[PDB]
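Below you will find one chain, with nothing else, as structure tokens; this is the form deposited in one PDB entry, and questions on how it binds or moves follow later.
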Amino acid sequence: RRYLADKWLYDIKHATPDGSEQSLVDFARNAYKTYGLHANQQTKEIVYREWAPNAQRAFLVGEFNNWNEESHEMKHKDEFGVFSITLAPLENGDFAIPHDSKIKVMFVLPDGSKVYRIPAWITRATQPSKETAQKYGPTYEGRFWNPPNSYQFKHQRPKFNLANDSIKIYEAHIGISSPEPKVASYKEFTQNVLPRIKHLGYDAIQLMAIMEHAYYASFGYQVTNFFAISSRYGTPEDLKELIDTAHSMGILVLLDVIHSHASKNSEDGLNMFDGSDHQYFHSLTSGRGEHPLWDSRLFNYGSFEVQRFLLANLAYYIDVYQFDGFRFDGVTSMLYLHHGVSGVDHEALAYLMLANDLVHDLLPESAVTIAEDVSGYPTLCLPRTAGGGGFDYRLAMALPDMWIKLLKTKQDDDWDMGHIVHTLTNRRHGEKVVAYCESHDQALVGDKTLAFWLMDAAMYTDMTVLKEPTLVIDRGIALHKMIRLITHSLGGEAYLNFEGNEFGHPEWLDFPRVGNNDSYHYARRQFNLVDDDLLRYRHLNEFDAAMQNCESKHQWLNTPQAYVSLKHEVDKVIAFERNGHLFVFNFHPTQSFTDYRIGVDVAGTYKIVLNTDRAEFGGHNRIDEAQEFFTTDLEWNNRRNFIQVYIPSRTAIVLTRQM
């Protein structure tokens, strides 16, 4: 439709001093090696460069020259609008700027006034002290990171081929990852939570809220400093070790990348960086719209230095931190000119195309990219040789709403099985999907988790092991396990789980904020319930670990769609097959079934590999897992063979073929 992607690539490849040709990787590597600030370890010189076309003069200031506005003026802009400076070593032979001290760049504007900014490619920035804040407000401060010894990676990236391998994703947030009302750290995650995720068996960790942001209750979505990992949890070397460690564990690490919008903050953010309304962002008079959920600003992808900035940002996280891939947030607001309330923004789309090219050129056959897109735009996840966007996956954001309607309005006798199957299997061919049954927003104040819809206030008295389950608690535990498993096996090409729902976390989540007196009482995760043996929460957690490890041995996610054979409206039973394996579910409120027939297409002997009625999962142990299920050579539910099962009221099972 438009050929902006190809025009922009020719200019990249002949942007050399002699006119000779270079590669796209060479462009983005030479950029993060040439822009920002860089120390020379052999001569002790330092070089700094900075794009700022609206500014007339530029001066580097900070603790290293006592914020002097005259002594370190940069050389005149070249024909591309870039200031530059070489700092000689001091007379004693030392670097002229000390390590982790505070710095700013000052610009003189056309009207002669002065503004103060954190440099745009800085690698660290920090929240102010209570004394500074009473005076100057809540603005963050930027730091010059030049340590005496940089962390040296010891492990290679894990062996991974995107086309062939499955990926199961644990969605996590560093700060809430403890039972205490506080902000937890990178090192605590490395030592206390990486083992829990390895026990549960996920392939990858999706890190939310890593790009730096000042407003905590925004869950990470309002970004201020793009080349800086967040300081409220620790330092750049702490994170490199966290990733080196996951890599030794065989775990890929992905970054939540927010390139859809930016914070409205001015001094600690990019809004009005060089004084003007039109450097990184579209001007307000351009009428190019606003984000419908977040008070924010939007980028101008057509500027050559903005392409250099965002593309170097991707190569920097891959090369310098050894991240393995990305989830792009807010894709629905980027794709459309009305930002989600059918007319497409082709400049924003061309940037995502070039971004997918670079990332796959950097790690041939291994790199991963994912999209957050409510709308479901077609061709987003097809390759570039076929005209596509180049994404590998998208999220399945409609599924959680099906379960809420069921519990609020219907008696148990009146559940509709055919409606449940249709919702889970409706996806577009060639465009792979990440599925889940409740989202990180459903866990918040004012909302209700799955667990609360099922059992209500009786969770605060009758979740004890000491008394036999009441009628309400028995019903509730069984349904919580059945809902996750049918989502995992029937609903997509990858899986996702939000921290805490793997065990039925009660009550709600709430960050510190004005309406609760900045209370951290609900800004935490009661991992301690999993560790208490007088309660039933551990029953749900042990079920989750068994689900994930089953998939890694018997692949079923990154494979073709399932064939479904049953969905009965008076008995309330569902059954299907995928990548050669078999799945069965019974939802009836009072009746248990003996000798129920189930269909199967490849003859042989089958054995159960997962079962929800285990006592260790809170069940009543009515089901015998040592049984061999031989196939009968007779057609059933449109398959070539069948087996016969016993399934009590409210239980589910999975089976595979013995070679």
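So that the term is clear: the rigid core is the largest set of C-alpha atoms that superpose within 1.5 Å between two forms. All residue numbers refer to positions in the sequence shown, first residue = 1.
One more form of this protein should be noted, the form deposited in another entry, which is absent from this view; the next part is about it.
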Displaced residue between this form and the one not shown, judged on C-alpha after the rigid core is fitted, out of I473, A246, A435, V584 (threshold 2 Å or more): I473
Rigid-core frame, C-alpha of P560, shift of 2 angstroms or more between this form and the one not shown: no
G289 C-alpha relocation of at least 2 Å between this form and the one not shown, rigid core basis: yes
Rigid core fit then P195 CA moved by 2 Å or more between this form and the one not shown: no
Closer or farther: C-alpha pair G289/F226 in the other form, relative to this form, given a change of 3 Å or more: closer
Cα distance between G289 and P119, which in the other form differs by 3 Å or more from this form, closer or farther: closer
